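> Below is the sequence, then the experimental coordinates.
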Amino acid sequence: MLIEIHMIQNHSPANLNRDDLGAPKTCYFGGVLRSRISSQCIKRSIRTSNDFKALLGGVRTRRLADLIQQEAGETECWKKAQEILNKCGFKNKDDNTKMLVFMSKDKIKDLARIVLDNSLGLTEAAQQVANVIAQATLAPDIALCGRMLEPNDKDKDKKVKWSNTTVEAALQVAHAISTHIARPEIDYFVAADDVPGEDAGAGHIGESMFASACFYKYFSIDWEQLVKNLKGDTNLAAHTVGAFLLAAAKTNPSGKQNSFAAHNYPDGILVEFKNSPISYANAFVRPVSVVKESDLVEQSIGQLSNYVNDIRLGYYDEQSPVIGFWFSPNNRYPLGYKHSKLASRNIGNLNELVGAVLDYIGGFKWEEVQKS
Amino acid sequence: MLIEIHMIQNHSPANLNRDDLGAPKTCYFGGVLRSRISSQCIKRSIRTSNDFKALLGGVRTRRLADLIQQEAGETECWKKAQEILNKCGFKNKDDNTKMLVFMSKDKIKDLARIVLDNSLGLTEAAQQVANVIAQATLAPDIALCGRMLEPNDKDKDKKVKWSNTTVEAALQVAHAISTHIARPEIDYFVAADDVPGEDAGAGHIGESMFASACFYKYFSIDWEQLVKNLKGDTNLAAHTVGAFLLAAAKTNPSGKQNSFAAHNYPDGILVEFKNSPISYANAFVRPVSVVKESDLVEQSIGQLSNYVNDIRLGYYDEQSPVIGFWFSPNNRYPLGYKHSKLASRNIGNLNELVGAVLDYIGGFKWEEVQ
Amino acid sequence: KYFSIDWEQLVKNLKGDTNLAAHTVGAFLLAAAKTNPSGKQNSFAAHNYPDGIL
Amino acid sequence: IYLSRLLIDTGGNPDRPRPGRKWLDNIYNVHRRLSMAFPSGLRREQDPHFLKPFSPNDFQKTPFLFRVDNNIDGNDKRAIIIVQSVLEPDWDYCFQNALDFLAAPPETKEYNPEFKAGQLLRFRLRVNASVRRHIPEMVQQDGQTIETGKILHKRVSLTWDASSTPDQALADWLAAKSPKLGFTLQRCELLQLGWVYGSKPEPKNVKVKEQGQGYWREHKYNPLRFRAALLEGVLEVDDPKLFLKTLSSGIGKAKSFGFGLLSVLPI
């Protein structure tokens, strides 16, 4: 019932997540300082990824007036005709520039249709817009991310009715934590007192390009809530799942999009089909300390393998004994951890893994369904 | 005989239990700040869980007339029944009734009969309703928890008749506290606009808070006074104990799980049988500082084993024996205390320990009780 | 916590029954180290034990 | 010249007042405080404890360069401010009433940089990606109005082609002006691309009272927005008489608000 995904990745300091002061995000896990990528950063980078461009239904826009302006094409695209949302009920002054709406992008034609007719005026138009706003949830990333848009506290009483605008999320993303302690950056105040040498250590080491950082990522898609969010259309939900998996495999959270480097591919995927969500984040409570960064990923997979074996044969029940898949570049000992009890199908190809996941879910294949 | 459960859990950054402003709940224990999950939050997480869905037979409904018209139909009977609820001691407060009622899930249907008793309405309907409310307690969760239900005053002054609606207890849950000094954080979130042309340059950053910790939970089930609340149903009591063990082992609070996703499983459960309740929360009066060689969970289990052994060889009586198990997944974390093994039976699986507790209780199995 | 018991006054209160007085003192010392107030324990279960008794 | 180091606590208990962390919200406040760190002689003798009213004309107006970055010290998050100037700063006089601003005491080290031809320095630099467009005034009006006509020349943020990358675009933007300041870049890696915000008061003359003696002055706050790009890399040197003047001054505009500081480590 779940399409639980556990990933182990690398990310250069060029591609990270920052805060209001520009510092990279951090967290404490197991009492030690770590590196963190927020869930909203990973959630949005899937939407803006090139793999999710096919579906990409929905805009979270503060300025609905400017979005509807080029769809309306008339003088009636502003004034109180587009301040109609205040009579519909918005927190205009208690929130900075109104409130955000998670509106589907292929529904602005209806908003243009209502605003382009002023025969009924603001009366009965400030409230019939509410039904279109509430019904604008048929969208892939609206189904995954889920919206909560609520009416205001003072302007929702002018003969205003509202239905359940909130749609339940069908995807849970954890804050991606590293598997080791946070490496400090290079000091630059020491340049006035001493020198590292003539292309020597603490300096011109090269180290390929930079100092990467291993990251453990966690996703939990629920198939039933995803299907009920889209009101049927089971093949479209399957396409959404496959596109999301392909996007999450090869997308950097920040800019500098990869064209074809093959280092953006994750070193380990663990697609599992439980009915109760289990996180293996407790594999790295003990920090993964090492001097060599070549085998850091390898021993991280080793620790994850030990913990997943422990959990899967310790919390095991006979009613639903389920197995999963696994991907690696046939490099970091994929045959030889936990004696392939959970591994079953060992896959070295992204598209073949997506095909296997789609086969296990409903029996489809990735290359077949790409449309509505 | 008293059944005691002590758990140690570790959580990824979660913000599981939240304040009214938005900060995680904290407390002070030993003079230092600790992350804390409230007892009522844990009880409600277990109560509406998945494994406990079989025994769920009660509602904490604040709008009981909506449930009354939600089964028998004829929604106009709301303005036949709600005022009747205002006469039984519910004061006709700001909501439908601000006095939350705890009541078995079946007896609402009996209240439907009060809906169709138009000939015997007014005072007779209110008195009969009070009789149903007072005599609706046979539920595995209302027997597990308590029920005060002291009706609000300014009710009818003629025939307000009430029995002893108070049902004492069967389960005590302590506030789960971390074993180390908490380090709360702020997740600086921003709301990125989709269309270029915002034309707003200012401080639009936000503040959302979270923390990560290793918690110590402590439950306690009284074997008697639970069968007494269940009216002698020993098999239903055994099923309640087993399913409570399952749900408490495999359920976490659903607070901001869509953005933090911290479904972590406990790495140690200690079940004891004793005539008086003891809480080992005084083990972590000293904060558990982390060393490089070990991790947080291993040190926590070590200090818990230290305190458990010192209690065992301390307040020790000859008439009262103590027998305890010790759960850990695949014996990853034994009850670490030098060469001294404390519990009488180490167990490496969950359902095996549930069966072991159940067949210690007096010969119950996890097959026919469900 | 501090408790004080007068032996001679207890004996005089019990009509000189030393068998009941010793039992009373022993059961008091046992009950004072294993009982806690019952106020709000179903939601704040704090059944702790003394760490040192003089 | 001298390099100064200030350490500010970024973490800590978030339910306490943290005026050191709140100070980094406005970059004009940072610039003003660093300017107050430059007493002008008789100000120290007249006010040793810094209690008389603050006056910009009572302090020296010598230029300085600073950079605010972030780091981790063992198990704690810290914000580091590196101040490069030409006169000796006095951090004792500046924070003497605000010792709680800094988690650690300030440091100062004498810098004597000179590198002959043949040095492969490792550099870090935060520039202001600014450019003056020939047609930056389309007057994109809002509301019902969408297009009115006026023209002016203004400074705006750097833009890149939709078929190109920001990394390569900023690399060629730096390399295009590079031989004027006297270095050759081997690698240019983009690490950050964001904005820097601030606010500034300005006096305004509202109407004269009864013998107001030069109108009634009221403060009005105007915003400040900059586009910042931080990048590291490796660069060689040529014409060290030009590179020393490059190190003495800054690179790019808005030098007084944290930009233009070039940090170089010899290799």
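Sure thing, it's come through. Numbering: from 1, shown residues only, chains lettered A, B, ... in the order given.

> Just to be sure, residue D:173 is in a strand?
No - assessed with DSSP: H, G, I helix; E, B strand; the rest coil, residue D:173 is helix; it does not lie in a strand.

> check contacts around it.
D:129, D:158 (C-beta atoms under 8 Å, 6 or more residues apart in numbering or on different chains). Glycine gets a C-beta too; all of them are placed from N, C-alpha and C.

> Closest residue of the stretch 151-267 of chain D to chain C?
The minimum distance from the stretch 151-267 of chain D to chain C, using C-beta to the nearest C-beta, falls at residue D:197 (46.9 Å).

> strands paired with the helix or strand encompassing that residue, and their directions?
According to DSSP states H and E, residue D:197 maps onto strand D:185-206. Paired with strand D:185-206 in the same sheet, following DSSP bridges, are strand D:216-235 (antiparallel).

> Skip ahead from the partner strand and say which helix or strand is next.
Next along from strand D:216-235, by DSSP H and E: helix D:240-248.

> Please see if that following helix touches chain A.
No - Helix D:240-248 does not reach chain A (C-beta under 8 Å from any C-beta of the partner chain); its nearest approach is 11.3 Å.

> returning to what we had before: dump the strand holding residue D:197 to CSV, restricted to CA.
Extracted C-alpha coordinates of strand D:185-206, given in CSV (Å, rounded to 0.1, in the frame of the first residue of the first chain):
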residue,chain,number,x,y,z
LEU,D,185,40.9,32.6,-13.8
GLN,D,186,41.3,28.9,-14.3
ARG,D,187,38.2,27.6,-12.5
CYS,D,188,35.1,29.6,-11.6
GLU,D,189,32.5,27.7,-9.6
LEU,D,190,29.3,29.4,-8.6
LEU,D,191,28.3,28.7,-5.0
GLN,D,192,25.4,31.1,-4.3
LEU,D,193,23.0,33.4,-6.1
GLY,D,194,20.7,35.6,-4.0
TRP,D,195,19.7,39.0,-2.7
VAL,D,196,20.8,41.3,0.1
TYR,D,197,18.2,43.5,1.8
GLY,D,198,18.3,46.6,4.0
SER,D,199,16.6,49.7,5.1
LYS,D,200,17.9,53.3,5.5
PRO,D,201,16.4,56.3,7.3
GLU,D,202,16.3,59.7,5.6
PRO,D,203,15.3,63.0,7.2
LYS,D,204,12.2,64.8,5.7
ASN,D,205,11.2,68.4,6.4
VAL,D,206,7.6,68.5,7.6
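
> What residues does the stretch 101-250 of chain D have near chain B?
D:140, D:142, D:195, D:197, D:223, D:225.

> Which positions within the strand holding residue D:197 qualify as buried?
D:188, D:189, D:190, D:191, D:192, D:193, D:196, D:197, D:198, D:200 (16 or more other C-beta atoms under 10 Å in any protein chain shown).

> want to throw these into TSV with distance to residue D:154?
Output for those, formatted as TSV (distance: C-beta to C-beta, whole Å):
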residue	distance to residue D:154
D:188	28
D:189	30
D:190	25
D:191	28
D:192	24
D:193	21
D:196	18
D:197	18
D:198	18
D:200	18
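
> Was I right to think residue A:199 contacts residue D:120?
Yes - the pair residue A:199 / residue D:120 is scored as a contact, 7.1 Å apart, by C-beta atoms under 8 Å.

> list the residues that contact both of these two?
residue D:267.

> neighbour count winner among those two?
Set residue A:199 next to residue D:120 and count neighbours by other C-beta atoms under 10 Å in any protein chain shown: residue D:120 wins out with 16 against 11.

> Let me see the contact set for the residue of the stretch 151-267 of chain D closest to chain C.
Here residue D:197 is in contact with B:201, B:202, B:203, D:26, D:27, D:223, D:224, D:225, D:226 (C-beta under 8 Å, 6+ apart).

> for the residue lying closest to residue D:131 once chain neighbours are set aside, phi and psi?
Of all residues not flanking residue D:131 in the chain, residue D:158 sits nearest, at 5.2 Å (C-beta to C-beta, 6 or more residues apart in numbering or on different chains). When read as degrees, to the nearest 10, the backbone of residue D:158 gives phi -70, psi 140.

> Show the contacting residues for whatever residue of the stretch 201-350 of chain A ends up closest to chain D.
Nearest residue of the stretch 201-350 of chain A to chain D, counting by C-beta to the nearest C-beta: residue A:204, 4.6 Å away. When contacts are counted by C-beta under 8 Å, 6+ apart, residue A:204 touches A:196, D:120, D:122, D:267.

> With adjacent residues omitted, what lies nearest to the last one?
In space, residue D:267 comes closest to residue A:204 once its chain neighbours are excluded; the distance is 4.6 Å by C-beta to C-beta, 6+ apart.

> which element is the residue nearest to the spatial centre of chain A on?
With distances taken as C-alpha atoms, centre = their mean, residue A:43 lies nearest the centre of chain A, 2.5 Å away. Secondary structure assigned from DSSP H and E places residue A:43 in helix A:39-47.
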